[PDB]
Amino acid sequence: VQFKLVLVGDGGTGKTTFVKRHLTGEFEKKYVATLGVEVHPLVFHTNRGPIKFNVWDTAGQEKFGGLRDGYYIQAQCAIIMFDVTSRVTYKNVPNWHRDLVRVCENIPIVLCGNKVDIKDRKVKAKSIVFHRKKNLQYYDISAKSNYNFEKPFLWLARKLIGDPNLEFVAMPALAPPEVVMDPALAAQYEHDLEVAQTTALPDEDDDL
């Protein structure tokens, strides 16, 4: 039960950061432009079973676009991403959408305005209307604060499985093993731990 998901949008809108947050839980502060596409499997546990997304995280920068719309072939859903602090990225939403639906003529698509955590918002809520005539779902999201970060996948899973009451469910938690530390390298995890002890945790001013 796996579905191909293509993720598109201007460079710097947070596509790769968003996927990575869902893959590992991390928040990557650095901007390393995606080169062509990166494919990652992503599974969610639902009350209707596991659903697996094959996430094709494509490049937004033109000079790194690779196969461009060639990535969209046989996609079964998509996310279009823009940045609410960059008006130009919303103005390009119709261009990404055009190139996407010319290949994928009838798929569920979510429009996501990312980076709502930033105080100085530029793409006002009231001006975000492109989705209405195109039957896209829309969400404000923040990969940095996790605001609505699950809603694009929850909606897509509901449309793909065909069950509007589908919900995410807690994965079962197997008993963890009882392993004793290794005395052969016990004198070694003094080093790996010292390094970790003296490397400051990020974002110490956050509520958590």
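Residue numbers run from 1 along the displayed sequence.
Asks: Taking the other compared entries of this protein, do a third or more of them lack coordinates for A173?
Replies: Result for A173: never missing in the compared entries.
Asks: Which wins on mean Cα temperature factor, 68-76 or 123-131?
Replies: It is 68-76 that shows the higher mean C-alpha B-factor.
Asks: Highest mean C-alpha temperature factor of the two stretches 150-158 and 163-171, which is it?
Replies: Of 150-158 and 163-171, the stretch with the higher C-alpha B-factor average is 163-171.
Asks: Report the option among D99, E105, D117, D83 whose CA atom has the maximum B-factor in the deposited record.
Replies: That would be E105, according to the entry.
Asks: Would you check the entry's CA temperature factor for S142 and let me know if it's in the chain's lowest, middle or highest third?
Replies: It belongs to the lowest third of the chain when residues are ordered by C-alpha B-factor.
Asks: Looking at the entry's B-factor column for C-alpha atoms only, identify whether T24 ranks in the lowest, middle or highest third of its chain.
Replies: Middle third of the chain for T24's C-alpha B-factor.
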